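Undergrad: Structure provided below as structure tokens; questions to follow.
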Amino acid sequence: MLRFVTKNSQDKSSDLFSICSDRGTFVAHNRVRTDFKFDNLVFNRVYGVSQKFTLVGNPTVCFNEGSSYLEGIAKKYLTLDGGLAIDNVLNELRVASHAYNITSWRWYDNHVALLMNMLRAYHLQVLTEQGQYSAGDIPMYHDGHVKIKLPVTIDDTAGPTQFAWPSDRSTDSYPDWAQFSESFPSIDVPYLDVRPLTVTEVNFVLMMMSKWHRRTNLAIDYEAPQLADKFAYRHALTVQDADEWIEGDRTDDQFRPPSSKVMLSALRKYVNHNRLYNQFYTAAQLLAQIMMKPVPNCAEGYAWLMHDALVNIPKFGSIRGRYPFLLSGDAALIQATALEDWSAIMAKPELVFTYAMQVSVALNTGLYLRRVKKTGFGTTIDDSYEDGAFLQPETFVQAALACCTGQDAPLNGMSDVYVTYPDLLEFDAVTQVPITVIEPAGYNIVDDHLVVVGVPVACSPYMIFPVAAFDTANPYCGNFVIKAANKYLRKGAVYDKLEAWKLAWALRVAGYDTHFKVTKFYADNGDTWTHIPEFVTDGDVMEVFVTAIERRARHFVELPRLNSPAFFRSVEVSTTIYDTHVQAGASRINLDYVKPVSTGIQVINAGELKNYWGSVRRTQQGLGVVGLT
Amino acid sequence: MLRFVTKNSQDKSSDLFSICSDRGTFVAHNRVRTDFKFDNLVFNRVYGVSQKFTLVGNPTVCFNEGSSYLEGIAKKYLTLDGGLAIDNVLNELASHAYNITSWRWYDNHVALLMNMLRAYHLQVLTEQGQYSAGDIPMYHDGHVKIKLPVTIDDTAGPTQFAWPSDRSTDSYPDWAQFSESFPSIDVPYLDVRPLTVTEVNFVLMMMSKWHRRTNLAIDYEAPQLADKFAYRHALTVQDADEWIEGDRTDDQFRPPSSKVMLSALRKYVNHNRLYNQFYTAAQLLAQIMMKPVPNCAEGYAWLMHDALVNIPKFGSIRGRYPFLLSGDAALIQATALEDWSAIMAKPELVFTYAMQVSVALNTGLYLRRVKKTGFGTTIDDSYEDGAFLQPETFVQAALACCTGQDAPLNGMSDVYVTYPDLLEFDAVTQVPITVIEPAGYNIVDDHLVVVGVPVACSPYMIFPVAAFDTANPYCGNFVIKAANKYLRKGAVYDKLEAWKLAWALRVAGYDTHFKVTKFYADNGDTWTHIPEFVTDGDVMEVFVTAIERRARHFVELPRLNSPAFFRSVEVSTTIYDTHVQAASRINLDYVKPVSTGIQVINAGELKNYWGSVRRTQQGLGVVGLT
């Protein structure tokens with residue numbers, strides 16, 4: 001995850017932003033300078049381009065059965081090829097079978113749900129103490145023309161301002177827990193080791209073991225039942241503050257949730273003690289992938305925002321506190337990527353939020369990129385693009401990321417886990433958008449409802465600028481030249497679709513709107529980005545007519561008559577970012593703090609694609625899932 | 001015109017057809033086999049095509065005098081040019097010597113010969129039993145109902161050929177009998193000695209004013225050719241005189257039969273040696289005769305448009321002196337002589353040539369309009385105003401641009417059949433339309449409009465027509481080539497290649513769509529009109545989408561639209577049997593003319609317009625016979 005953010009070490013550094021949001025949303029400002037080079041002299045415009053992101057979401061959770069993983073177990077009981085040694089654990093058990101039949105049969109170690117719960121609680125408490133925790137509210141689209149407003153399940157103003165405990169006292173049951181220090185396990189039941197945790201951190205862990213009530217519209221407050229019906233924890237001291245709060249003995253005031261630092265320390269201690277590096281890596285990946293979506297500045301863009309995601313979080317199971325000697329020894333085949341990403345998150349916890357911000361934009365753009373690159377602008381005859389990585393729900397987000405940006409998207413590192421949108425597997429997926437009553441201008445409104453085909457572009461690429469989405473030079477590349485039209489006639493300046501869009505974008509930045517035929521280039525002011533129109537994607541057309549290029553009221557850098565001969569000059573456009581700052585209502589990272597803990601940790605760089613330890617690579621032939629090498 | 005008709009197909013064929021009408025219209029049926037050879041798999045489909053024609057028309061005729069032509073007199077009575085040898089005449093015979101100083105020699109009988117031609121054709125038509133007023137066909141296509149008006153109603157219209165004039169209701173020429181050697185008045189006289197009594201009667205009485213009584217194009221109105229004249233005959237003929245003074249009843253004095261009328265024509269021409277003037281008369285009659293009935297809806301603008309004809313005023317010096325027609329006839333064109341021999345061998349050469357010239361004229365005008373844009377033609381020649389300005393070379397230029405061979409010129413100066421309102425490419429027509437159901441049609445205010453000239457016929461009376469330099473459906477055969485580029489939804493195609501592909505698929509049985517929607521092709525002709533949108537400029541590529549099949553399908557073909565399934569389909573079309581229905585093959589070796597007693601010149605004079613116009617590579621232009 002860290003390498004993806006740093007673009008494989010851009011000058012061995014990158015930048016991060018902490019989580020901040022008001023009313024469930026936050027703007028993401030930018031400052032850029034766009035050049036215009038014609039007549040061998042340079043003009044420029046410095047403009048502020050913003051981008052709205054929202055934390056509001058309602059994903060569908062699926063706490064179904066999942067496989068077991070024993071990576072953070074001592075090297076002498078695990079093995080790369082020999083796997084789990086049941087003979088060694090029976091010998092060291094201290095007949096054998098008499099313990100086998102009791103509990104030694106399950107072997108269902110998996111804490112992904114617990115780690116995800118602790119992470120989302122940390123994020124929610126961060127928002128709480130920043131004075132910004134509240135019920136979500138999706139923004140409205142006021143543009144004089146057709147207006148969009150969406151509902152929320154919980155009202156913002158009545159919504160809670162404080163992150164209380166997820167579960168509600170005196171309404172639902174809790175898992176039955178009791179401290180357990182016996183060497184010999186007695187009941188087949190998850191045993192989780194929390195020995196080195198303080199009273200408050202172990203209290204927080206076992207309280208988050210309970211079930212989760214949703215009290216807000218945010219995407220990370222999803223519903224979650226109790227991870228285990230019964231369980232026991234390996235701790236020297238018997239903790240019952242949570243138990244006292246379960247009954248009326250402890251009041252709400254005296255059992256307030258801890259501060260963000262305490263939850264972060266609890267998570268660090270838990271993962272370090274149980275050697276849960278890969279499991280936490282998967283948990284962070286999933287939480288970031290479900291974190292948020294970008295608020296569109298166009299009308300048809302909200303169709304992407306209407307969709308809800310489906311997540312496969314595995315059912316919880318912990319065999320690490322059953323036997324004290326499991327963790328005695330260096331951990332077995334811990335992935336190097338997991339170690340470095342874990343060190344990066346623990347050093348800077350905002351890395352997960354920044355990666356979520358990058359991944360939302362990359363995925364939303366890459367879905368459009370794949371719906372276009374399948375047909376290749378309609379000059380691909382067969383189906384030899386091999387976009388099949390989009391099919392299996394696990395490599396959905398990874399394939400979208402790889403298609404949008406050339407970088408290797410990081411696989412989830414875990415089997416039967418994914419974040420997927422089932423209804424958007426196919427690119428000819430129609431969506432309906434509830435729409436208020438205002439006269440139209442060619443937004444193909446049907447029965448007072450925007451009909452949207454496929455998935456729309458809903459964000460500017462200004463947080464991943466070198467995206468290289470297209471092969472040719474374009475605004476996504478950043479620097480491009482504007483060439484003369486293919487041939488000039490009465491209708492005017494036959495232009496190829498992609499080059500026509502490039503010209504339209506450059507003129508819209510420069511202050512001239514353009515008129516097309518087979519009518520203008522509806523864009524956004526705040527975000528002077530002009531999203532690619534449907535004439536590029538439809539593939540029925542290959543040349544387009546630009547009739548007239550007019551002057552907007554907000555004039556800017558002056559250009560000649562581009563759409564006519566003897567007056568056109570081959571201007572070229574280059575933009576650079578001056579200042580970016582995610583405000584609402586930064587922290588530099590370099591590869592100096594990446595150095596992971598290698599003391600008593602066996603590290604394998606190689607991975608097997610069966611467990612999804614790899615990275616999907618986009619090539620010209622198409623996407624492709626590649627191992628970690 | 002014999003060379004033109006016998007060269008449209010081959011020197012051996014020489015196929016002729018007789019005149020036939022069915023309420024003024026007739027249909028010419030054909031039977032044509034189309035091949036489809038690809039991957040050494042020859043496929044074919046035999047089908048019948050029908051192109052109907054109409055004889056109904058209302059041409060405008062102007063009777064304006066022109067040059068005087070004397071190319072039938074003896075050698076000694078002519079100078080080095082067409083002017084008569086007045087000194088030789090006088091040294092042969094006085095007051096006349098002094099009178100001559102005031103005797104202009106205007107001898108031109110083209111109006112008379114044309115009148116006899118149209119009267120003969122009308123009599124043939126009425127003895128065939130189908131002469132009538134003539135009515136335009138009523139075309140209806142499920143979406144649009146059209147019916148062009150005609151002046152004379154068919155039902156009340158006469159069924160028998162009445163004499164063109166009335167019962168002494170109008171004045172008649174003051175004819176006279178001449179037998180002396182002294183012309184008394186500068187008024188023209190004729191020499192009709194070899195003619196019989198009834199032939200002379202028909203000639204003199206038809207000289208009188210002609211009235212238009214039917215919608216037939218050859219039944220145009222014409223005034224009396226001369227107020228006064230005399231005929232040099234052995235005896236006075238006065239039966240038509242008794243008819244005008246109101247003595248001979250209609251039953252005994254009726255228009256003569258076709259045979260005797262043609263015999264009068266023959267005697268007149270070959271005694272006065274009017275081969276050149278008769279050739280001009282036949283040319284004009286052929287160019288005015290008929291038009292094709294359009295299968296497509298918008299093609300009726302061709303029907304509504306009326307030609308303009310310039311017939312010279314009637315004048316005669318043949319009958320003034322009796323020795324002029326003696327001696328060796330001088331300055332007779334070989335083409336005129338052979339055409340005369342052929343038409344008197346069979347009198348329906350004029351009809352078949354008229355049908356061919358009608359089809360060629362329509363196609364030539366339409367292909368001039370199309371090739372203006374740049375469709376099929378490399379050079380942007382001055383198709384608009386080059387050789388179409390000269391009214392006498394208008395129809396010949398159209399024929400040359402259509403067919404590619406040498407169109408025969410009128411052979412006479414200041415005579416033409418010209419459409420003045422057709423030189424512009426912006427000319428519009430308001431065809432009346434009762435629209436049945438709305439569809440793709442530019443219907444504004446009860447009349448659709450057309451631009452320029454439309455297609456109203458199909459190139460089947462003349463099939464091997466070489467309209468374009470490259471292979472095309474107009475040519476015998478063409479090879480469908482690979483598309484310029486293939487896309488997901490289809491492939492782009494050049495204008496001409498796309499039209500060739502669409503034509504071949506329509507013959508095979510596939511309906512072809514395109515964008516920037518249908519390639520129109522009516523049943524009963526299965527010829528695909530050039531699409532309107534691709535006709536204009538600034539369009540060089542056509543996107544072909546959705547090559548769907550039709551209800552009836554004959555030859556099963558590859559897609560030719562997808563790169564995987566495209567195959568080099570080579571087509572070939574040949575016409576096997578034609579039969580008009582309201583042969584008659586000619587034999588050149590038996591119709592060869594009389595070379596004795598006639599002086600024949602191969603060459604002509606460009607002033608008199610004795611030549612032909614050929615579509616050169618660099619541009620069509622008039623050339624001499626040499």
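Chain labels A, B, ... are given in the sequence in which chains occur in the structure tokens; within each chain residues are numbered consecutively from 1, and ligands are likewise numbered from 1 in the order shown.
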Set the cut-off to 8 Å and count only C-alpha atoms: what are the residues of chain B that reach chain A? Output as a compact mmCIF listing (two decimals) with N, CA and C atoms, in the first residue's frame.

TA:
```txt
# COMPACT_ATOMS: atom_id res chain seq x y z
N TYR B 486 -11.62 -0.67 -40.45
CA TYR B 486 -12.69 -1.39 -39.79
C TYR B 486 -12.77 -0.95 -38.34
N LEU B 487 -13.98 -0.72 -37.86
CA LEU B 487 -14.23 -0.36 -36.47
C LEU B 487 -15.13 -1.40 -35.82
N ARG B 488 -15.43 -1.18 -34.54
CA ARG B 488 -16.26 -2.13 -33.80
C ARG B 488 -17.65 -2.25 -34.42
N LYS B 489 -18.28 -1.12 -34.72
CA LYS B 489 -19.65 -1.13 -35.21
C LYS B 489 -19.74 -1.34 -36.71
N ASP B 538 -17.86 17.56 -49.40
CA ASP B 538 -17.32 17.50 -48.04
C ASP B 538 -17.51 16.13 -47.41
N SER B 562 -16.99 -6.85 -41.50
CA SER B 562 -16.04 -7.30 -40.49
C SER B 562 -14.74 -7.75 -41.15
```

Undergrad: Quick one: everything within 10 Å of residue 185 of chain A, counting only C-alpha atoms, minus sequence neighbours fewer than 6 positions away in the same chain. Send it as JSON, numbers by chain.

TA: {"A": [99, 102, 103, 104, 191, 321, 322, 323]}

Undergrad: Might you pull out every residue within 6 Å of residue 319 of chain B, with only C-alpha atoms counted and same-chain residues fewer than 5 positions away left off, and present them as a ChimeraX atom specification?

TA: /B:189-191,232

Undergrad: Figure out the distance between atom CA of residue 266 of chain A and atom CA of residue 348 of chain A, please, to one decimal in Å.

TA: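 Computed distance, atom CA of residue 348 of chain A to atom CA of residue 266 of chain A, equals 15.5 Å.
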
Undergrad: Could you please determine the separation between atom CA of residue 626 of chain A and atom CA of residue 614 of chain A in Å, to one decimal place?

TA: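 According to the coordinates, atom CA of residue 626 of chain A and atom CA of residue 614 of chain A are separated by 5.5 Å.
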
Undergrad: Using Å and a single decimal, report how far atom CA of residue 54 of chain B sits from atom CA of residue 3 of chain B.

TA: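 Distance reported for this atom pair: 25.2 Å.
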
Undergrad: Tell me, as a list in words, which residues lie within 9 Å of segment 281-283 of chain B, counting only C-alpha atoms; anything in the same chain fewer than 5 positions away does not count.

TA: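 My reading of the contact set: residues 1, 110, 111, 112, 113, 114, 115, 117, 276, 288, 350, 353, 354, 408, 409, 410 and 411 of chain B.
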
Undergrad: Can you spit out the residues from that selection as a PDB file, in the first residue's frame, using C-alpha atoms?

TA:
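Done, and the output landed in selection.pdb:
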```
ATOM      1  CA  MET B   1     -27.999   7.849 -85.050  1.00  0.00           C
ATOM      2  CA  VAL B 110     -37.454  20.576 -91.401  1.00  0.00           C
ATOM      3  CA  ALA B 111     -40.788  21.637 -89.901  1.00  0.00           C
ATOM      4  CA  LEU B 112     -42.651  19.826 -92.687  1.00  0.00           C
ATOM      5  CA  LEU B 113     -40.656  16.624 -92.245  1.00  0.00           C
ATOM      6  CA  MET B 114     -41.154  16.699 -88.476  1.00  0.00           C
ATOM      7  CA  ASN B 115     -44.893  17.229 -88.967  1.00  0.00           C
ATOM      8  CA  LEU B 117     -43.067  12.146 -88.829  1.00  0.00           C
ATOM      9  CA  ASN B 276     -29.797  16.071 -94.215  1.00  0.00           C
ATOM     10  CA  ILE B 288     -38.739  15.162 -78.000  1.00  0.00           C
ATOM     11  CA  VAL B 350     -36.552   6.464 -84.547  1.00  0.00           C
ATOM     12  CA  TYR B 353     -33.315   5.660 -80.648  1.00  0.00           C
ATOM     13  CA  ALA B 354     -35.794   7.952 -78.887  1.00  0.00           C
ATOM     14  CA  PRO B 408     -24.644  12.501 -82.908  1.00  0.00           C
ATOM     15  CA  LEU B 409     -25.155  16.232 -83.350  1.00  0.00           C
ATOM     16  CA  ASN B 410     -28.309  17.844 -84.724  1.00  0.00           C
ATOM     17  CA  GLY B 411     -26.638  18.468 -88.089  1.00  0.00           C
TER      18      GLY B 411
END
```

Undergrad: With distances taken over only C-alpha atoms, which of A:171, A:392, A:460, A:226 is nearest to residue 296 of chain A?

TA: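 Distance minimum relative to residue 296 of chain A lands on A:460.
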
Undergrad: List the neighbours of residue 325 of chain B out to 7 Å using only C-alpha atoms; skip same-chain residues closer than 3 positions along the sequence, and give me the result as a compact mmCIF listing (two decimals) with N, CA and C atoms, in the first residue's frame.

TA:
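result_8.txt written:
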```txt
# COMPACT_ATOMS: atom_id res chain seq x y z
N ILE B 73 -29.26 20.13 -104.10
CA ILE B 73 -29.32 20.58 -105.48
C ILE B 73 -28.14 20.00 -106.25
N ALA B 74 -28.18 20.09 -107.57
CA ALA B 74 -27.10 19.57 -108.39
C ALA B 74 -25.81 20.35 -108.14
N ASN B 272 -36.66 15.23 -103.41
CA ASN B 272 -36.05 16.52 -103.13
C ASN B 272 -34.66 16.40 -102.53
N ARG B 318 -37.06 24.24 -103.72
CA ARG B 318 -36.99 23.05 -104.56
C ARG B 318 -38.03 23.10 -105.68
N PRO B 322 -37.72 23.34 -111.98
CA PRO B 322 -37.80 21.87 -112.07
C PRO B 322 -36.46 21.20 -112.31
```

Undergrad: Can you tell me which residues surround segment 586-600 of chain A at a distance of at most 12 Å, considering only C-alpha atoms, apart from same-chain residues fewer than 4 positions away, and format the answer as a ChimeraX atom specification?

TA: /A:2-3,5-20,28,72-75,272,275,277,327-351,353-354,579-582,604

Undergrad: DSSP on the backbone, helix (DSSP H, G or I) only: what residues of segment 55-236 of chain B does that give? Format it as an NGL selection string.

TA: :B and (75-77 or 86-90 or 95-100 or 110-127 or 197-207 or 217-219)

Undergrad: Pick out the residues sitting within 12 Å of residue 176 of chain B, and hand them over as a PyMOL selection string; count only C-alpha atoms, and ignore anything fewer than 2 positions along from it in its own chain.

TA: chain B and resi 173-174+178-179+184-185+187-191+204+227-233+235-238+241+319

Undergrad: Those residues with N, CA and C atoms, as a tab-separated table (two decimals), in the first residue's frame please?

TA:
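Output file part_21.tsv is given in full below:
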```tsv
chain	number	residue	atom	x	y	z
B	173	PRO	N	-53.74	27.58	-95.59
B	173	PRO	CA	-52.85	28.16	-96.60
B	173	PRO	C	-53.52	28.22	-97.96
B	174	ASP	N	-53.17	29.26	-98.72
B	174	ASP	CA	-53.68	29.42	-100.08
B	174	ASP	C	-52.70	28.68	-100.99
B	178	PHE	N	-48.73	24.55	-109.85
B	178	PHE	CA	-47.65	25.14	-110.62
B	178	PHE	C	-47.13	24.13	-111.62
B	179	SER	N	-47.00	24.55	-112.88
B	179	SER	CA	-46.45	23.69	-113.93
B	179	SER	C	-45.50	24.40	-114.87
B	184	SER	N	-43.56	32.92	-109.87
B	184	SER	CA	-44.27	34.19	-109.96
B	184	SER	C	-44.16	35.03	-108.70
B	185	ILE	N	-44.09	34.41	-107.53
B	185	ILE	CA	-43.99	35.12	-106.27
B	185	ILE	C	-42.81	34.53	-105.49
B	187	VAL	N	-42.98	33.66	-102.71
B	187	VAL	CA	-43.56	32.65	-101.83
B	187	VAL	C	-43.01	31.28	-102.20
B	188	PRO	N	-42.73	30.40	-101.24
B	188	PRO	CA	-42.14	29.10	-101.59
B	188	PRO	C	-43.09	28.23	-102.38
B	189	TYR	N	-42.52	27.41	-103.25
B	189	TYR	CA	-43.26	26.33	-103.90
B	189	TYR	C	-42.53	25.01	-103.69
B	190	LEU	N	-43.32	23.94	-103.67
B	190	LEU	CA	-42.82	22.59	-103.48
B	190	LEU	C	-42.90	21.82	-104.79
B	191	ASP	N	-42.13	20.74	-104.87
B	191	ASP	CA	-42.14	19.86	-106.03
B	191	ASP	C	-42.55	18.48	-105.54
B	204	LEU	N	-50.37	18.67	-98.37
B	204	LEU	CA	-50.82	20.06	-98.41
B	204	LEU	C	-51.74	20.37	-97.24
B	227	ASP	N	-48.47	30.78	-95.14
B	227	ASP	CA	-49.78	31.30	-95.50
B	227	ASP	C	-50.10	31.06	-96.97
B	228	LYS	N	-49.08	31.10	-97.83
B	228	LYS	CA	-49.23	30.89	-99.26
B	228	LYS	C	-48.14	29.96	-99.75
B	229	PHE	N	-48.47	29.13	-100.74
B	229	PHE	CA	-47.47	28.32	-101.43
B	229	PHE	C	-48.14	27.67	-102.64
B	230	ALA	N	-47.32	27.03	-103.46
B	230	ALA	CA	-47.80	26.26	-104.60
B	230	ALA	C	-47.00	24.96	-104.69
B	231	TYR	N	-47.59	23.95	-105.32
B	231	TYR	CA	-46.92	22.67	-105.50
B	231	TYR	C	-46.77	22.36	-106.98
B	232	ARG	N	-45.56	22.00	-107.38
B	232	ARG	CA	-45.27	21.65	-108.77
B	232	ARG	C	-45.68	20.21	-109.00
B	233	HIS	N	-46.86	20.02	-109.60
B	233	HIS	CA	-47.41	18.70	-109.85
B	233	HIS	C	-48.00	18.67	-111.25
B	235	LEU	N	-50.94	17.52	-112.05
B	235	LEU	CA	-52.37	17.81	-112.00
B	235	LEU	C	-52.72	18.51	-110.70
B	236	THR	N	-53.84	19.22	-110.73
B	236	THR	CA	-54.37	19.86	-109.54
B	236	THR	C	-55.05	18.82	-108.66
B	237	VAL	N	-54.77	18.89	-107.36
B	237	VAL	CA	-55.37	18.00	-106.37
B	237	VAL	C	-56.22	18.86	-105.45
B	238	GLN	N	-57.52	18.56	-105.36
B	238	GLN	CA	-58.44	19.46	-104.69
B	238	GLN	C	-59.42	18.75	-103.76
B	241	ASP	N	-59.32	20.46	-100.72
B	241	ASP	CA	-60.00	21.72	-100.96
B	241	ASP	C	-61.51	21.56	-100.80
B	319	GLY	N	-39.26	23.48	-105.35
B	319	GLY	CA	-40.31	23.54	-106.34
B	319	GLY	C	-40.30	24.77	-107.22
```

Undergrad: Write down as a ChimeraX atom specification the residues belonging to segment 132-275 of chain B that are assigned strand (DSSP E or B) by DSSP computed on the backbone.

TA: /B:139-140,144-146,174,177-178,189-191,210,216,222,228,230-232

Undergrad: With distances taken over only C-alpha atoms, which residue among B:49, B:395, B:146, B:195 lies nearest residue 612 of chain B?

TA: B:395

Undergrad: B:618, B:472, B:224, B:573: which is nearest residue 378 of chain B, counting only C-alpha atoms?

TA: B:618
